[PDB]
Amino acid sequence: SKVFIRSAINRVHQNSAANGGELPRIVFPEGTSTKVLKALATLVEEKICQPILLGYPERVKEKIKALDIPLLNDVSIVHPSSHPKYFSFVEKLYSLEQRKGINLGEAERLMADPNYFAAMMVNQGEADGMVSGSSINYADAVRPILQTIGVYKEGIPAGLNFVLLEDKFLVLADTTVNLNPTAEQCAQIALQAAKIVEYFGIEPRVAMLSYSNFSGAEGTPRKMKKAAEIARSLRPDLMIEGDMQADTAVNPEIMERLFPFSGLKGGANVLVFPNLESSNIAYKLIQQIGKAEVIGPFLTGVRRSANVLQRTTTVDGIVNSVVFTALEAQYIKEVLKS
């Protein structure tokens, strides 16, 4: 329920009150987006972020009034190629990609794209985070983030979703990025997801999912089994298990009845998938047919706070997303300070 979301919002507020009442600056490349503007309407009342819109200030304000949203009257609106830092931004993209097939004119056009300008703003500290992708497909939204902000060391870019049940939440990954991760990659995805779960003061219990129950046969079963093993080696305090079926994974009673030798007791709260088909289809089906709220996807593995909305998002979806992006922004900022 929205118990989880309100707890998150309050955690934002304790962080903000803990830092002089400052709010995180969040860039929205899609400054003219109906759904983004409506979500922001809700979001600026509850003091969750300082929003920054990208686009022509004129038609952004004209669509704000068209949409009848008066508390957006004053929000910062930035036109990328008109910004003072534009050309240095361009020189920085060009410098990082001139041996990946990009000439200076192309760097110019790319930096004029709000997605790239946003990613660069976050990289350059002109913002604390960004939220994009309501109007474009995921790959196109995420490419500038990966090229400009990039991943931290031994991290891997991986999408993550929360499934909110009455008792607890489950975490699902990688729901958006990697088609068919290796065992090593699957373990790294488990580690990132585990750390996220720990941030909420929850004990991570991790299952490596398969169509198989503890078979270890060639292909995905041995893949998920060996993923469990690698992960366990990297973090021996954790309950991490696989290969197993999904129902075996979440249902403690089934696990105990059928596989009492298993190291995973009490049901898994972290679900790592073997390929993008299973993760993507699963989160989306649970979101539409199940009676549980699903929030995300959230992009893990990267050096700064940047999340891509799924194109099928709702206005509430965007709201939840901006909330957790704000939390993330605050968290990364503290680490930078230290």
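Numbers follow the displayed sequence, beginning with 1.
Of the two stretches examined, 69-77 and 113-121, the record assigns the greater average C-alpha temperature factor to 69-77. As listed in the deposited structure, the average C-alpha B-factor of 47-55 and of 60-68 is greater for 60-68. Looking at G105, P181, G159, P236, the one whose CA carries the top B-factor in the deposited record is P236.
Ranked against the other modelled residues of its chain, the C-alpha B-factor of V323 as given in the entry falls in the lowest third. Per the PDB record, residue ranking by Cα B-factor puts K38 in the highest third of the chain. The entry lists a Cα temperature factor for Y152 that places it in the highest third of the chain's modelled residues.
Ranked by C-alpha B-factor against the other modelled residues of its chain, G242 falls in the middle third. Per the deposited record, the Cα B-factor of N275 falls in the lowest third when ranked against the other modelled residues of its chain.
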